[PDB]
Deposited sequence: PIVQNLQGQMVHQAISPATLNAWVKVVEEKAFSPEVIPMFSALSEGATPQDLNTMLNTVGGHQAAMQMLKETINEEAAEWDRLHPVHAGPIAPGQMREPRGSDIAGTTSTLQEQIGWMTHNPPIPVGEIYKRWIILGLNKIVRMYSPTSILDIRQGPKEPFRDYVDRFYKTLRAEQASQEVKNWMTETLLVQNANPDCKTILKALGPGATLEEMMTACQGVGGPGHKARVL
């Protein structure tokens, strides 16, 4: 990663490596893995990101899907950023291609140069953006449940049902507005009869805290 205020490079630490490896080993592709990854890769160069992706043993279907997503995003970057032929002048650096951002055709020194230039070319955060895109696609693909099937059991406490509902919702492919519709439409509709009656008695503008308080004793 890159850290008076001058940005200087630093190698990836054993604690970071082991933390990432253990996270993948234990939690597979649960949603919370994506922020953890993003937490362990703050300020990372494309070389560091490739290091974290390549140290994963197993799950090679998901890693291959991630490669294909990264290749798509790189091809799009090349389509939007055509390269200009010509010799690079002193005081400048070559403009990066898709494969340079993905760390396969650029050196560590070139990545440091792009990331420390003024103005900065943040290849690390771009590559990280692509990687998180692919990881999201994997997380949704490996989710075992659908939000339309989350229904409160006859004896199920309301809190547990809401936990299942919002976990599944966190795994879903939907914009924020579609998720607001799922909350405002499905949550009360799929509650059990007693809880459903009480929640309908609350009103259309009830907060989650008010709903869980209403069905608390139930």
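Judged by missing C-alpha atoms, the gaps in the deposited chain sequence fall at residues 4 to 6, 222 to 231, listed in sequence order.
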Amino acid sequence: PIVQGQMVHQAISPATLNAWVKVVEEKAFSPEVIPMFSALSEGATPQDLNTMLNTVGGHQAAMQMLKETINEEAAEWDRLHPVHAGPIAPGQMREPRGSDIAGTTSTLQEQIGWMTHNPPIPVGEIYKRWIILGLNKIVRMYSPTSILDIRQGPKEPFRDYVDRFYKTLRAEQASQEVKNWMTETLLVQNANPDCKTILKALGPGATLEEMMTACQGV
From here on, numbers count along this sequence of modelled residues.
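Mean CA temperature factor is higher for 86 to 94 when stretches 68 to 76 and 86 to 94 are set side by side in the entry. Mean CA B-factor, 39 to 47 versus 172 to 180: the higher value falls on 172 to 180. Residue set 139, 121, 101, 148: peak C-alpha B-factor at 121 (per PDB entry). Placement of the Cα temperature factor of residue 57 within the chain: lowest third of the modelled residues, per the deposited record. Sort the chain's modelled residues by C-alpha temperature factor and residue 185 lands in the highest third, per the entry.
Annotation for residue 199: CA B-factor lies in the middle third of the chain's modelled residues. In this PDB entry, residue 154 carries a Cα temperature factor that places it within the middle third of its chain's modelled residues. In the deposited entry, the Cα temperature factor of residue 207 sits in the middle third of values across the chain's modelled residues.
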